[PDB]
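Chemist: Let me begin by handing over the structure; questions about it come next.
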Amino acid sequence: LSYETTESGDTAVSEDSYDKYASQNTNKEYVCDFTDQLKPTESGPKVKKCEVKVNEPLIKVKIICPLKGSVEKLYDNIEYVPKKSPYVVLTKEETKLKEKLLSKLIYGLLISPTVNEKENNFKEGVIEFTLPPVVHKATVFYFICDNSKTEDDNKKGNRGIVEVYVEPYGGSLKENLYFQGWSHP
Amino acid sequence: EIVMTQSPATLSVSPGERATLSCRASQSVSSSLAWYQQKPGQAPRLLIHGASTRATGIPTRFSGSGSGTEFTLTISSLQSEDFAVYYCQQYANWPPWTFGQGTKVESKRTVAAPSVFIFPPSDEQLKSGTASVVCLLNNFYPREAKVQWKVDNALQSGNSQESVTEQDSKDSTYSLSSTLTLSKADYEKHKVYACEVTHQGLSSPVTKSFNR
Amino acid sequence: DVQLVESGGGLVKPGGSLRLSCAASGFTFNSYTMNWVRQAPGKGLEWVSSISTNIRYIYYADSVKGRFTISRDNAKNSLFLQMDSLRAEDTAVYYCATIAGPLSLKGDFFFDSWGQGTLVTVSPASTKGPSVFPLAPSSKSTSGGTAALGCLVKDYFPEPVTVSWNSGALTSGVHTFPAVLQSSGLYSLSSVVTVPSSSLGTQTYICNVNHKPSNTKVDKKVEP
């Protein structure tokens with residue numbers, strides 16, 4: 001009866017004024033921190049887009065989302081999709097973000113189940129995954145932290161999205177005696 | 001856009017004493033705040049980043065504190081260089097990075113009365129029909145003063161405009177000029193002109209005049 | 001020895017355009033986010049534009065986007081702001097500023113170093129040189145052996161002027177006032193100097209007014 005379900009959806013408000021941001025890259029750790037950036041300030045929601053760009057091996061990606069009731073009155077209607085992040089990510093096919101699995105999407109990808117003694121999930125605020133040494137095809141996937149239904153003092157929150165764009169990296173098959181095969185990972 | 005309100009508007013404090021300034025935010029900025037110093041006619045100087053981390057090359061008397069909504073910048077023992085306008089800036093919810101409207105700290109000194117001079121219009125200015133009478137209030141403190149113009153013992157409203165100098169580095173004092181500009185026909189029609197000054201350094205409001 | 005030299009300011013009528021530049025020296029230019037911040041006369045700081053070290057994340061103030069264009073040249077160590085379709089609100093001194101590091105979603109976006117700014121005046125007035133009038137040191141402008149003399153710098157546009165007395169020989173007792181604009185829409189300024197009344201006749205006192213927007217250099221002498 002209980003089962004894993006798939007879902008669709010990109011936005012709930014007008015767009016094309018996305019306000020892109022790059023991720024904060026601390027030398028191998030790429031971070032999208034939404035703690036102060038989604039608090040309700042302007043009347044009406046403002047979509048904010050963090051952009052992670054990966055063209056090198058073993059990049060850790062950390063995404064921080066504030067919790068429901070983490071601070072009083074500011075996150076009473078926060079939502080995060082997908083719920084099983086980072087095991088489930090959002091991918092765009094028909095301009096709708098449909099739920100797909102990250103281990104099918106990049107082959108050989110490993111997800112630690114505990115980020116820092118707490119569960120690797122948005123229930124604990126922060127998700128975190130490390131990309132493998134070789135990715136063979138370019139891949140884009142998405143996460144959403146929607147505070148745009150929270151309203152305090154007649155001001156609505158923000159819809160933050162994370163776009164992880166992985167370029168192909170890892171080099172050619174030959175002249176890589178370590179990742180080639182016949183004895184290897 | 002979250003507003004940064006600075007308090008107070010102007011802060012009068014004697015050199016050597018302690019000055020605390022308050023920045024208040026509409027929404028939490030959560031330690032993403034900076035303090036800048038701007039002496040007049042110059043570029044801003046970065047003082048404190050991160051709301052408690054002093055910038056490099058910044059005196060130790062400046063200290064930052066605060067969280068979320070409320071912040072204080074404190075200069076413990078005040079020096080002559082530190083008389084300036086001070087701005088707080090948040091960098092948490094952006095765009096845009098919003099600034100506060102500034103807090104001017106001024107050098108408190110002992111009360112000084114202005115030297116009041118009056119200058120009649122020059123005859124090169126009387127070539128055109130643009131006669132202007134100038135009242136100078138020199139080297140006074142505080143800057144709160146009230147000037148009024150009496151032409152044949154008649155008060156004027158909106159026929160004159162003032163300008164204050166900013167506070168002098170060496171003696172901590174202000175100077176004000178009030179220019180009354182009228183036509184040459186109004187200048188030659190009336191005969192006596194008086195500048196009436198009310199100020200804290202004077203017991204009674206003082207009047208200085210000239211005729212033709 | 002970090003240097004940020006702004007250039008390109010001046011007077012433009014409303015609707016026109018202008019291009020400000022900022023030549024930088026003393027640091028590795030390609031690892032700094034460059035910014036423009038403006039200041040109206042008498043008012044506070046307002047950020048207008050910013051460009052990251054990666055020239056993809058450019059940000060404008062809400063009131064100026066669609067009019068302003070920021071650009072960067074990493075080889076020449078230069079920063080550019082094209083200002084088109086200028087309204088009257090845009091009259092301000094514009095400062096070039098640096099932020100250490102690239103521009104992320106969060107963290108450490110404070111202005112590390114600033115330049116000396118350039119003035120941009122938007123007004124439909126033409127450039128006019130000043131009339132320079134004397135303010136004679138009478139015996140009714142004498143307090144205690146100290147007498148004041150001045151020169152009134154009337155009806156000029158736009159700012160600035162620079163006033164010096166006796167080609168810079170007189171520094172003590174000088175108060176050149178900041179300018180105020182009258183109802184005409186032009187500016188008037190009054191520069192005064194206190195002096196001992198004993199030396200009034202013996203030493204001549206001339207004021208040198210310089211209006212570089214019109215290149216009008218006036219030397220006027222005062223006597224009772």
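Ordered as shown in the structure tokens, chains take letters A, B, and onward, while each chain numbers its residues from 1 and ligands are numbered from 1 in the order shown.
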Show me a table, sorted first by chain and then by increasing residue number, of the residues of chain B having an atom at most 8 Å from chain A, each with its shortest atom pair and the distance in Å to one decimal, counting only C-alpha atoms and written as JSON lines.
Modeler:
{"residue": "B:1", "atom": "CA", "partner": "A:41", "partner_atom": "CA", "distance": 6.6}
{"residue": "B:2", "atom": "CA", "partner": "A:41", "partner_atom": "CA", "distance": 6.4}
{"residue": "B:27", "atom": "CA", "partner": "A:41", "partner_atom": "CA", "distance": 6.9}
{"residue": "B:28", "atom": "CA", "partner": "A:36", "partner_atom": "CA", "distance": 7.4}
{"residue": "B:29", "atom": "CA", "partner": "A:36", "partner_atom": "CA", "distance": 6.6}
{"residue": "B:30", "atom": "CA", "partner": "A:36", "partner_atom": "CA", "distance": 7.1}
{"residue": "B:92", "atom": "CA", "partner": "A:36", "partner_atom": "CA", "distance": 5.8}
{"residue": "B:93", "atom": "CA", "partner": "A:37", "partner_atom": "CA", "distance": 4.9}
{"residue": "B:94", "atom": "CA", "partner": "A:37", "partner_atom": "CA", "distance": 7.3}
Chemist: Any chance you could tabulate, as CSV, the residues of chain C at most 8 Å from chain A with each one's nearest atom pair and distance in Å to one decimal, using only C-alpha atoms, in chain and rising number order?
Modeler:
residue,atom,partner,partner_atom,distance
C:57,CA,A:21,CA,6.6
C:103,CA,A:22,CA,6.7
C:104,CA,A:22,CA,4.8
C:105,CA,A:21,CA,5.2
C:106,CA,A:33,CA,6.1
Chemist: Could you save the residues just selected, with N, CA, C and O atoms, as a tab-separated table (two decimals), in the first residue's frame?
Modeler:
chain	number	residue	atom	x	y	z
C	57	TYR	N	26.80	37.04	-13.67
C	57	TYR	CA	25.90	37.43	-12.60
C	57	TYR	C	26.06	38.94	-12.43
C	57	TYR	O	26.90	39.41	-11.66
C	103	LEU	N	30.77	36.42	-6.64
C	103	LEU	CA	29.46	36.77	-6.11
C	103	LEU	C	28.63	35.50	-6.03
C	103	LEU	O	28.28	34.91	-7.06
C	104	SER	N	28.32	35.09	-4.81
C	104	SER	CA	27.62	33.85	-4.50
C	104	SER	C	26.19	34.15	-4.05
C	104	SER	O	25.74	35.30	-4.08
C	105	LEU	N	25.49	33.11	-3.62
C	105	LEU	CA	24.17	33.30	-3.03
C	105	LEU	C	24.25	33.85	-1.61
C	105	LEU	O	23.32	34.54	-1.16
C	106	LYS	N	25.34	33.58	-0.89
C	106	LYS	CA	25.44	34.03	0.49
C	106	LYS	C	26.89	34.35	0.82
C	106	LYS	O	27.80	33.60	0.45
Chemist: Can you tell me, as a list in words, what residues are no more than 10 Å from residue 83 (chain C) when counting only C-alpha atoms, ignoring any on the same chain fewer than 2 positions away?
Modeler: residues 15, 16, 17, 18, 19, 20, 64, 66, 67, 68, 69, 70, 80, 81, 85, 86 and 90 of chain C
Chemist: Taking only C-alpha atoms into account, produce a table as CSV in which each residue of chain B with an atom at most 6 Å from an atom of chain C appears once, together with its shortest atom pair and the distance in Å to one decimal, ordered by chain and rising number.
Modeler:
residue,atom,partner,partner_atom,distance
B:43,CA,C:116,CA,5.6
B:91,CA,C:109,CA,5.7
B:101,CA,C:44,CA,5.0
B:117,CA,C:141,CA,4.8
B:118,CA,C:141,CA,5.9
B:165,CA,C:177,CA,5.6
Chemist: Pick out each residue of region 8-175 of chain A that DSSP on the backbone tags as helix (DSSP H, G or I); I need them as a tab-separated table (two decimals) with N, CA and C atoms, in the first residue's frame.
Modeler:
chain	number	residue	atom	x	y	z
A	102	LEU	N	18.63	9.78	-8.60
A	102	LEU	CA	19.97	10.30	-8.85
A	102	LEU	C	20.96	9.18	-9.17
A	103	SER	N	20.75	7.98	-8.62
A	103	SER	CA	21.66	6.87	-8.87
A	103	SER	C	21.49	6.27	-10.26
A	104	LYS	N	20.31	6.42	-10.87
A	104	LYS	CA	20.15	6.09	-12.28
A	104	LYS	C	20.72	7.18	-13.18
A	105	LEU	N	20.68	8.42	-12.71
A	105	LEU	CA	21.00	9.57	-13.55
A	105	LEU	C	22.51	9.74	-13.72
A	122	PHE	N	16.33	16.87	4.07
A	122	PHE	CA	15.86	18.21	4.38
A	122	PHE	C	15.09	18.28	5.69
A	123	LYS	N	14.78	17.14	6.31
A	123	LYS	CA	14.20	17.15	7.65
A	123	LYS	C	15.17	17.73	8.67
A	124	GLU	N	16.47	17.54	8.45
A	124	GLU	CA	17.51	18.08	9.32
A	124	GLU	C	18.14	19.35	8.77
Chemist: Residues at most 9 Å from region 144-146 of chain B, counting only C-alpha atoms, excluding those fewer than 3 positions away in the same chain, as a PyMOL selection string?
Modeler: chain B and resi 141+176+196-200
Chemist: I need the chosen residues saved as a CSV table (one decimal), in the first residue's frame, with C-alpha atoms.
Modeler:
chain,number,residue,atom,x,y,z
B,141,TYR,CA,28.2,76.4,18.3
B,176,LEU,CA,26.2,80.2,8.4
B,196,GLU,CA,18.0,89.4,13.4
B,197,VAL,CA,19.8,86.4,15.0
B,198,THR,CA,18.5,84.2,17.7
B,199,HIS,CA,20.9,81.7,19.2
B,200,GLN,CA,21.7,79.8,22.4
Chemist: Name all residues at most 10 Å from residue 98 (chain A) (count only C-alpha atoms; drop same-chain ones fewer than 6 positions away) and give them as a CSV table (one decimal) with N, CA and C atoms, in the first residue's frame.
Modeler:
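The resulting file, around-v5.csv, is shown below:
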chain,number,residue,atom,x,y,z
A,6,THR,N,5.8,9.8,-7.6
A,6,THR,CA,6.5,10.8,-8.5
A,6,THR,C,5.6,12.0,-8.6
A,7,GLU,N,6.2,13.2,-8.9
A,7,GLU,CA,5.6,14.5,-8.8
A,7,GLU,C,6.1,15.4,-9.9
A,8,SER,N,5.3,16.4,-10.2
A,8,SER,CA,5.7,17.4,-11.2
A,8,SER,C,5.4,18.8,-10.6
A,9,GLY,N,6.2,19.8,-11.2
A,9,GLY,CA,5.9,21.2,-10.9
A,9,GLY,C,7.2,22.1,-10.8
A,10,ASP,N,7.2,23.2,-11.5
A,10,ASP,CA,8.3,24.2,-11.5
A,10,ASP,C,8.1,25.4,-10.7
A,82,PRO,N,12.5,17.4,-4.2
A,82,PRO,CA,11.8,16.2,-3.7
A,82,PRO,C,12.0,15.9,-2.2
A,89,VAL,N,15.9,13.5,-7.3
A,89,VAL,CA,16.1,14.8,-7.8
A,89,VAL,C,15.0,15.1,-8.8
A,90,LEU,N,14.9,16.4,-9.2
A,90,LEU,CA,14.0,16.9,-10.2
A,90,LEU,C,14.7,17.1,-11.5
A,91,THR,N,14.1,16.6,-12.6
A,91,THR,CA,14.7,16.8,-13.9
A,91,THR,C,13.7,17.4,-14.8
A,92,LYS,N,14.1,18.2,-15.8
A,92,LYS,CA,13.2,18.9,-16.7
A,92,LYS,C,13.2,18.2,-18.0
A,141,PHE,N,20.0,18.8,-12.9
A,141,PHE,CA,18.9,18.4,-12.0
A,141,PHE,C,18.6,19.5,-10.9
A,142,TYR,N,17.5,19.4,-10.2
A,142,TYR,CA,16.9,20.5,-9.6
A,142,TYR,C,16.4,20.2,-8.2
Chemist: Between C:210, C:7, C:78, C:123, which residue has the minimum interatomic distance to residue 185 (chain C), considering only C-alpha atoms?
Modeler: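 Selected residue with least distance to residue 185 (chain C): C:123.
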Chemist: Work out how far CA of residue 11 (chain A) is from CA of residue 68 (chain A), in Å to one decimal.
Modeler: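 Distance reported for this atom pair: 19.8 Å.
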Chemist: Can you tell me which residues surround residue 120 (chain A) at a distance of at most 10 Å, considering only C-alpha atoms, apart from same-chain residues fewer than 3 positions away, and format the answer as JSON, numbers by chain?
Modeler: {"A": [84, 85, 86, 87, 111, 112, 113, 114, 115, 116, 117, 123, 124, 125, 126, 127, 128, 129]}
Chemist: Using DSSP on the backbone coordinates, identify all residues within region 52-198 of chain C classified as strand (DSSP E or B); present the result as a ChimeraX atom specification.
Modeler: /C:58-60,68-73,78-83,92-101,104,113-114,118-122,128,131-135,142,146-157,162-165,170,174-176,180-181,187-196
Chemist: Which is closer to residue 163 (chain B) than all the others in B:179, B:31, B:77, B:37, using only C-alpha atoms?
Modeler: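 Checking each candidate against residue 163 (chain B), we get B:179 as the closest.
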Chemist: What are the closest atom pairs, with distances in Å to one decimal, for each residue of region 42-96 of chain A lying within 9 Å of region 146-158 of chain A, using only C-alpha atoms, rows by chain and rising residue number, as JSON lines?
Modeler:
{"residue": "A:42", "atom": "CA", "partner": "A:155", "partner_atom": "CA", "distance": 5.7}
{"residue": "A:43", "atom": "CA", "partner": "A:155", "partner_atom": "CA", "distance": 4.6}
{"residue": "A:44", "atom": "CA", "partner": "A:156", "partner_atom": "CA", "distance": 5.4}
{"residue": "A:45", "atom": "CA", "partner": "A:158", "partner_atom": "CA", "distance": 5.1}
{"residue": "A:46", "atom": "CA", "partner": "A:158", "partner_atom": "CA", "distance": 5.1}
{"residue": "A:47", "atom": "CA", "partner": "A:158", "partner_atom": "CA", "distance": 5.8}
{"residue": "A:48", "atom": "CA", "partner": "A:158", "partner_atom": "CA", "distance": 7.0}
{"residue": "A:73", "atom": "CA", "partner": "A:152", "partner_atom": "CA", "distance": 6.4}
{"residue": "A:74", "atom": "CA", "partner": "A:152", "partner_atom": "CA", "distance": 6.6}
{"residue": "A:75", "atom": "CA", "partner": "A:150", "partner_atom": "CA", "distance": 6.1}
{"residue": "A:76", "atom": "CA", "partner": "A:150", "partner_atom": "CA", "distance": 5.8}
{"residue": "A:77", "atom": "CA", "partner": "A:150", "partner_atom": "CA", "distance": 4.7}
{"residue": "A:78", "atom": "CA", "partner": "A:147", "partner_atom": "CA", "distance": 4.4}
{"residue": "A:79", "atom": "CA", "partner": "A:146", "partner_atom": "CA", "distance": 5.1}
{"residue": "A:80", "atom": "CA", "partner": "A:146", "partner_atom": "CA", "distance": 6.3}
{"residue": "A:81", "atom": "CA", "partner": "A:146", "partner_atom": "CA", "distance": 8.5}
